[PDB]
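Structure 1 and structure 2 below are the same protein chain in two forms, each given by itself as structure tokens.
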Structure 1
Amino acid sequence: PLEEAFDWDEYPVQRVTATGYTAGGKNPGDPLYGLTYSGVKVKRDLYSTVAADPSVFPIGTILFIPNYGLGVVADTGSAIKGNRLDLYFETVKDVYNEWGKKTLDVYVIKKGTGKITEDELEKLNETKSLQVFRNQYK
């Protein structure tokens, strides 16, 4: 894999705060959907389109981003300032495939009856004794 095939430490290194983003009054069929600042469409490929602060990484900058891939600075955003990098992903499934835990043990707290209603799910979410943990999830 790329992380090991090349000797990246021979290149200048910079630290960033990394986030993820995807495309999308625009819908996936519209001609302007997915267009980056630079004019190219978002792309995940050998060279993927990423967003940066152009005063730190100019448009056209090529970066190697470990466990993501080569990135080309193609996009910007008003919230993308300083040593900030927004990594493009096509879908939620793709980002979990690349960073989430696939092999997972889970615990069975209560077996279902076969049905659940909005009222029942709300009453679970409102559980008085668990509200201290809810802030994290909601």
Structure 2
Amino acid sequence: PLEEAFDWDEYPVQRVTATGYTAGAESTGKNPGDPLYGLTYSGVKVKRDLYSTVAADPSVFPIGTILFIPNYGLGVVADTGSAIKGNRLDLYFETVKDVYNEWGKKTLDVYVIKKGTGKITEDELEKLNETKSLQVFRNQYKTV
């Protein structure tokens, strides 16, 4: 594939943190019908292609900057965002499902603690969450 087709290490390298996004309201607060729906900060339409539109911090990667992003592809800096600051990228995908599956999808090892019986109730789930020996870890997962 493209990752192996060229010696990319001849180009400058930048460590970044990257998430995915779509043109939809969950990312942009805009919906179909809005005048600027689907349009990046630069004015060009969002695109997932050989060269895809990506979001970055203009002070780090100016608009028009061409990047190669492993496991995503070639990217042209065309968009920006309030949360997109510093060494941060946001990668355009067509659908929320694509963000979940093409960037969010992770292969990893999980530990099987107890085989289930086929049932679970609210009471049992509450009992598990009230486990005394684990309350010290609980604030790390509770939102409230």
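Definition used throughout: the rigid core is the maximal C-alpha set that superposes within 1.5 Å between two forms. Residues that one form lacks are left out of the comparison. Residue positions are counted from 1 along structure 1's sequence.
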query	finding
Large Cα shift (2 Å or above) at residue 133 between structures 1 and 2, core-fitted	yes
Exceeds or equals 2 Å, Cα of residue 113 between structures 1 and 2, core fit	yes
Large Cα move at residue 13 between structures 1 and 2, threshold 2 Å, rigid core	no
Rigid-core-fitted C-alpha displacement of residue 95 between structures 1 and 2 (angstrom)	3.5
Rigid-core-fitted C-alpha displacement of residue 74 between structures 1 and 2 (angstrom)	0.2
Distance the CA of residue 30 travels between structures 1 and 2 [rigid core superposed, Å]	4.5
Mobile segments between structures 1 and 2 [3+ consecutive residues, each C-alpha shifted 2 angstroms or more, core superposed]	25 to 32, 92 to 138
